[PDB]
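S.K.: So I pulled this structure from the PDB, and the sequence comes with it:
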Amino acid sequence: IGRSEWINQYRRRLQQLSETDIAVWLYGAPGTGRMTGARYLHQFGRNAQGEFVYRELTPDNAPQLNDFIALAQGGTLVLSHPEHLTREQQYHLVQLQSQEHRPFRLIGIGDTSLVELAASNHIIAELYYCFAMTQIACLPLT
């Protein structure tokens, strides 16, 4: 079973995760150190040099999505409460990821795994598609 195996197993995911440009979904209850993973992931990321932007998406700010993408460019982009985003907005996001070379590394931070979000609140399948492989439960490295 193991006690600290989970962290190393969790830690192992980050180490092997860092090379890939694939979107990572970091989820769990707050204080689970998911935020710490993104910075760690970004810091150990190839695009560490690139701007690192994290946005918590209130409805009022959810509209000016584009500024984050433009500002965020060449570097990791971190967002939460992605569920708010318009289907076209979800799709925009999703389309950019498709290119062989990603414009930005996309990390999704959630209380819960997508699926339970996607089920609970509708999320487009395409957006889900990148997410499904990368959806992770953060473990406190402290």
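M.R.: Arrived safely. Numbering: from 1, shown residues only.

S.K.: what number of residues lie near residue 121?
M.R.: 11 (other CB atoms under 10 Å). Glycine gets a C-beta too; all of them are placed from N, C-alpha and C.

S.K.: can you check residue 41 too?
M.R.: By other CB under 10 Å, neighbour count at residue 41 equals 23.

S.K.: so what does the helix or strand hosting it touch, helix or strand wise?
M.R.: If you go by DSSP states H and E, residue 41 is part of helix 34-43. For helix 34-43, the elements it packs on are helix 5-17, strand 24-27, strand 106-110, judged by 3 or more CB pairs under 8 Å, 6 or more residues apart in numbering; DSSP states H and E.

S.K.: so what does the next helix-or-strand element following the last one touch, helix or strand wise?
M.R.: If I follow you right, that is strand 106-110. Downstream of strand 106-110, the next assigned helix or strand under DSSP H and E is helix 114-120. Other elements packing on helix 114-120 under the criterion 3+ CB pairs under 8 Å, 6+ apart are helix 125-134.

S.K.: Next, the nearest residue to residue 11 once chain neighbours are set aside: secondary structure please.
M.R.: Using CB to CB, 6 or more residues apart in numbering and skipping the chain neighbours, the partner closest in space to residue 11 is residue 141 (7.0 Å). Of the three states, residue 141 takes coil under DSSP: H, G, I helix; E, B strand; the rest coil.
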